[PDB]
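Novice: Structure incoming, see below.
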């Protein structure tokens, strides 16, 4: 998915942005 990608879910796909997406950055 892409909203709750189980990470956008904000696991870390965008933790917060992974940090600043630093899971993408």
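In PDB author numbering, the protein residues as written are 1 to 25.
For each residue, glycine too, the CB sits at the ideal point set by N, CA and C.
Do residue 14 and residue 6 count as a contact pair if the criterion is CB distance below 8 Å?
Specialist: no
Novice: Starting from the C-beta of residue 8, find all residues in its chain whose C-beta is less than 7 Å away, skip the five residues before and the five after it, and write them out in chain order.
Specialist: Excluding residues within five positions, the ones whose Cβ falls inside 7 Å are 2 and 14.
Novice: Expressed to the nearest angstrom, what Euclidean distance is found between the alpha-carbon atoms of residue 16 and residue 4?
Specialist: 13 Å
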